Structure formats: structure tokens, C-alpha cells
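Before any questions on binding or motion, here is one chain by itself as C-alpha cells, the form deposited in one PDB entry.
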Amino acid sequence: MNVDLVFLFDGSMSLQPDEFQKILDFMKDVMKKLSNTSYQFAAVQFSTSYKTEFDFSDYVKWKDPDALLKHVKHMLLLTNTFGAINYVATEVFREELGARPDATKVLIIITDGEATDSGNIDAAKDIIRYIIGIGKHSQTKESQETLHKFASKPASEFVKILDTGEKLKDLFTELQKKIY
């Protein structure tokens, strides 16, 4: 089964530079693990605006994820995630960018879940959406609810939270507030 897969990655100011680098490394690792014929990839950064950093044709030409992501610069602006998701649905899964019409569409959305816009992602209904949570701001109730809103259902299976090594900091913070 052919699968067109798009990484939709959060380049907003709420993510630390070290976290953004981890997002980039995550994309590279996933690509290396799926470096077969059947999967082809595209990556789109989003913050205030959206940038297709590479498309399916780029993937096929270069293959090397280090090559494909070398021009990425961290946008460091807002987090228009609903807009981004709608952009991918309508503008990135296209034959013009090398998308295959026969292929199963998948979106891997990597974000702290703190969207600064709103709306619906109905245009993305028929795309399989996996959500990858990262960052201190993913830990709020509203962010967790947002991540689940974006995920395909059952969200339990499609939502994953990357451990970036700061869980003890989140614990101290919470305990300091309740215990004093």
C-alpha cells in the first residue's frame, strides 16, 4: 500500500530551540525507519504562516533527511495549528507536489498543543492524523484536549507524548503550587 506522509511541525516561539532540534531529529529518525519504496514524505513547518520545507518529489530526489531539512529555520512566531492543518489538507496533498492519488494519506502533527487560532479541521477528516506532543505547554488540560481534537479516533491510539527529559521539572512546579 502506497502511503503519502506529511510531517506538520510546530515552529512557534513556545518551543525552545533545543526542542525544535529534537522535532527535526524525530522526523529524520522516522524517515530512516520507513526508508522503503512504499512511503514518501513531505514536511511542513507552521507558526504564524506555513512553509512546505520539502515535498514528496524532494523526498524522492534526495532521500537523505539531513539534506531535505538543511534549509529549515525556526520561525519563532505564533501557533496557527487549525490553519496549518487546513493548509496541509488542501495545499500539500497534491499531485503538483508529487503526491500519489492512490496513496493512503497520513499526517504526523508535532506540537505542544497550545494553538493560537481556532476553527475546524473538517477538510482533513479523511487523513489519518497522528499527534506527537512535546514541550512544557503540552501539559495543560486545554493543550491535552486540543491534541485529542486533532487526532484520529480513538485518540488514545493516535496521540503520543515525546519525553524530552523535563518531567521532574513539571512535577516540582505542580507540587510547589499545591503543597506550597
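Each residue number is its position in the shown sequence, starting from 1.
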*For the C-alpha atoms alone, is the average B factor greater in 10-18 or in 154-162, going by the entry?*
154-162
*Comparing 68-76 with 90-98, which has the greater mean CA B-factor as deposited?*
90-98
_Looking at the C-alpha B-factor values in the deposited entry, which of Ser57, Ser49, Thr52, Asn36 comes out highest?_
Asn36
_Ranking every modelled residue in this chain by its Cα temperature factor as given in the entry, which third contains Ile127?_
highest
*Rank-wise, by C-alpha B-factor, drop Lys63 into the lowest, middle or highest third of its chain.*
middle
*Using the B-factor values recorded in the entry, state whether the Cα atom of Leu147 falls in the lowest, middle or highest third among the modelled residues of its chain.*
highest
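Omitted from view is the form deposited with a small molecule bound, to which the following refers.
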*Spot the stretch among 44-52, 26-34, 142-150, 112-120 with residues whose non-hydrogen atoms come within 4.5 Å of the small molecule in the entry with it bound.*
26-34
*Give a yes or no for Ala99: in the entry with it bound, does one of its heavy atoms lie within 4.5 Å of a heavy atom belonging to the small molecule?*
no
*Can you check whether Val72 is within 4.5 Å of the small molecule in the entry with it bound, heavy atom basis?*
no
*Counting only non-hydrogen atoms and a 4.5 angstroms cut-off, does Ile108 reach the small molecule in the entry with it bound?*
yes
*Are any of the heavy atoms in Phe56 no more than 4.5 Å from a heavy atom of the small molecule in the entry with it bound?*
no
